[PDB]
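This text opens with one protein chain seen in two forms, each one given by itself as structure tokens under the names structure 1 and structure 2.
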Structure 1
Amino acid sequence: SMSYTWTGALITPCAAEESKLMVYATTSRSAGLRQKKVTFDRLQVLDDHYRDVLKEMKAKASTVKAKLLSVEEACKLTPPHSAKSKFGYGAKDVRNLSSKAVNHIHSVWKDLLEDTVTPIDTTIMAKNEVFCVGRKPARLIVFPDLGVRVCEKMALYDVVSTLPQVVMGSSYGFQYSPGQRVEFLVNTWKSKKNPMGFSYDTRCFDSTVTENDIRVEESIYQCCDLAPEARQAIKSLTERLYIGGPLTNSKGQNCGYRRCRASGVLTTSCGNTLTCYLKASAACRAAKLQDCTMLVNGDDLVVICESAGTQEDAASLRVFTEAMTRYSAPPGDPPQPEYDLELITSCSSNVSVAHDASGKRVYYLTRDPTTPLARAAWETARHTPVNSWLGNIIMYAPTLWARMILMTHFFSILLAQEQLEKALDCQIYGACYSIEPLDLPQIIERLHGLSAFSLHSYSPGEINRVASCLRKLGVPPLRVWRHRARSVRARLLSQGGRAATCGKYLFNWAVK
């Protein structure tokens, strides 16, 4: 069946968009191009590898006990900036236990328990995301009303935050900080006698997800020891929301129908991860890959296994890809065998090596700096809710480009505007933090360790990537950033107290 059906009505914006300040932001203007790509018929033929893997997953899920969240708990865990309801209240009302919101949520719940069939309305919007140089169309976000979103948490918050790690164990990517992710990848790589590995990523994953896939996920969730009401709400949410439903634009017009994964529901990430893990594990068996270890984050997969030889590996990956295609998930680009861990990119990131103060080799997570640099450029001119600049400083603190360029420029701009002490909103790990730039050394030490302030002797490949990136984007080269940083450092040190702590830790690398 078709992943989508369209009426002709447009995906409209709900606010003023901006598609320029080179660096561009996606808008609703491109929605049609995206719609075209994500619209197709899914063919899926399952086999005994898929069935065997599924049985093993259910047996693990069957050891999980999950509870219902109360309305009040689900309200308190609602993110503060999520879209207001159509029924007269918003996130702030939900979070402060307003009677208007609570009573509507109780009524949505009762309807979920009493009606297990009627498709539930969703809004479809174009995502506004900043990229660098052709242009990629906007991604589509599909989400139901706030009152339903609270009810999803009631039924499934305890399940989605518990079950995946039990079912997928060490392969569940979302349990790891970056250093832990690196540690898993490196320890896995080093455990093989002749390691080979590859990243896989599905072309339009959400659209490849079938009704059967979504019901298989529900059947996994129902293997949990759940309360009777949970079982009913989960079934109802599955039939009425997860398998599909109608789409409405921001102007209240009917855009069409969805028969695939919604990107804006509580189960998107856990569901996608479970479903990719299931198809990928089955595909590894068809491919007959030896001593396979998987790492899964949504539909970004890394597989590390024992090499069978060059031509053998190349053919085994073609068989892997063939099986994934049969299960409904063809790749955006065909996977390639890699014999160097550093060359495997997944979740837009890769492992690299530097050295600590003692001269010990330290592995850390990095990425191509093009998109982070472009996003930071944008947030120099405009201003956003997410502050991707600051998030990247935190998540990629050990990297050469975050330390030399991102930290330098942003502490320079903060010195210049006297806004050192002003908290900024920052979206990291699904949650919205209010971060004080002077809190950064503690945040980085906690997340990465003290060595993040002392790494040096980076790999030549990574230094050159950063250098080619600066050159391509017209930004000063690294020698300029070292000079500027000595100036930023001297400045912070003059200010004493906590600013002197930022100069000491964040810019220890710039000293002679």
Structure 2
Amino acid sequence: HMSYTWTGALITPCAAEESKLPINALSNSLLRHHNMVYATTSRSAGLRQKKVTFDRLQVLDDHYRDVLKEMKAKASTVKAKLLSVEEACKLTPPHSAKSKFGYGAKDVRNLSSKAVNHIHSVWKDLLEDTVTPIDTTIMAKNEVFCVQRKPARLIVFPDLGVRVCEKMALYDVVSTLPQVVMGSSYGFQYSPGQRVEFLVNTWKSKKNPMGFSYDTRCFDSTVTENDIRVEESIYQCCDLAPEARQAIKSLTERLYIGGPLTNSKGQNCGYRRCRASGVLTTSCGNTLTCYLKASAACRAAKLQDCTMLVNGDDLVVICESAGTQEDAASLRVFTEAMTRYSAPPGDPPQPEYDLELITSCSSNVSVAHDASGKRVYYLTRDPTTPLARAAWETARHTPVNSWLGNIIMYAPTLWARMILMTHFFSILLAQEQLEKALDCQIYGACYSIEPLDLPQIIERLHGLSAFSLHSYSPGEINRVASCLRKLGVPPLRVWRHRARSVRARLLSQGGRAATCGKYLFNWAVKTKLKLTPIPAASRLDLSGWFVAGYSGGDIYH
């Protein structure tokens, strides 16, 4: 029961790959330790192949079937709709990988007769054939990190025509089913502020709280045929149109369970028998499976009052403590149950008795103070990877602007405000590109956003307090200052000086640029301006922002 089998053919790139941090005239103003930053390339794909390839053994007990029965009872209350070709076309990212059959993402988005006719023939084939394995492309992802080198992560995806069909059959399912099945445990329904609120309220709801994050080693590879069939039985609980049922069965049999792996040059690389990382159901499938195995493992370990928080393969459990030493033994049993369910740990989970010490989705809760001096909880993270990616983005245009996604998601943080906002607004001002829409990712979905709209976006997600936070915690300040010394990033005092200039330059432009100066950089001036609700923020359509996760799902909003 191997996750993969391989032919020996290489995982090949599509274009030139850079591993060394590109340098330009702007680089040194952000980061001096250039050799610390690198990008993964297809050169390390062979090492990743070794890591992801293993035998999976699964032992399913009564706790597993009991949780699954409860999940199916909730899933049966869901009604989902089939999307039209046209509706599914419009969810396609403008730079999504082109089809092998003579059309691309822009042809799909424009509803070109050629794209639409091929999609209809792919759909008809799904309904008529529920056996033939569907082809997939295997690629090495090019991602930027700081040293201490990771081999490239792999991406496995079917053709563009298949991806549009996945949307038609399952978009409504993967967007609505997880919150119904998992309720408040479904992480992707929350904005960062709502996630903090859920974590704080959960922690407070326990008499003697204990919390831990559970890291599964190579989660996609641990996903078995059983897991993928169990996910399909959950989707099948929904009230569906007859064509959607048939398409879901077909996609499960032909694509989700497994299939051949083809490199960018058209050679057969091998065969997958685990989760494909680049399908519509990757996020929903991972969330459901992680929640199922973990809820079952909690009952096996006799963990009292376990509240889960699940986002794909990312898991946080908050429960009642049985005493520090009993909690450590309880965690070893939870781990043994997860292992029998084919979800062994990367790092062994550690019990935590301080909410701020739990790391989940690379993040943690911290505390600052608003303008009135009131304690305010917010989400932060170690800024090393955001800063390594900002350095890359300073010298190269990339398909996804991580700095923009990081400013959006981490707007209240000391590091996003003082460094990311300051640096990138300075760059945009110099290029007169404040109005230019840029692509970013929020919970795996793609968005096109104008930097000029950041004050309204931030107000809507985090509230006006995101522009007034001060008196950050010593632990947070120390982590940021340490990260800056390690990367050779100028100290926070330099950023304050630069921000005063960026603020003045923005205010000088007037209009929307002045609003950016006023709201984003009020922290930089000694005599602070009174920050009132931005009229434009109320008009924002932010409906599908925090509904579901779509990592690898090829979604554009």
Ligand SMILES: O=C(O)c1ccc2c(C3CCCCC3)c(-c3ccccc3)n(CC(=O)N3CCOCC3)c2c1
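Whichever C-alpha set is largest while still superposing within 1.5 Å between the two forms counts as the rigid core. Just so we're on the same page, residue numbers count up from 1 along structure 1's sequence.
- Of the two forms shown, the one deposited without the named molecule is structure 2, not structure 1.
- Candidate set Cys204, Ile141, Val353, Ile428; criterion, C-alpha shift of 2 Å or more between structure 1 and structure 2 after rigid-core fit; matching residue, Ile428.
- Remark: with the core as the superposition reference, the CA shift of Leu415 between structure 1 and structure 2 reaches 2 Å or more.
- Relative to the superposed core, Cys14 undergoes a Cα shift smaller than 2 Å between structure 1 and structure 2.
- Fitting the two forms on the rigid core leaves the C-alpha of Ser468 displaced by under 2 angstroms between structure 1 and structure 2.
- Once the core is aligned between structure 1 and structure 2, the alpha carbon position of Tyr242 differs by 0.2 Å; this is the C-alpha shift at that site.
- The Cα position of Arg489 changes by 2.6 Å between structure 1 and structure 2 once both are aligned on the rigid core.
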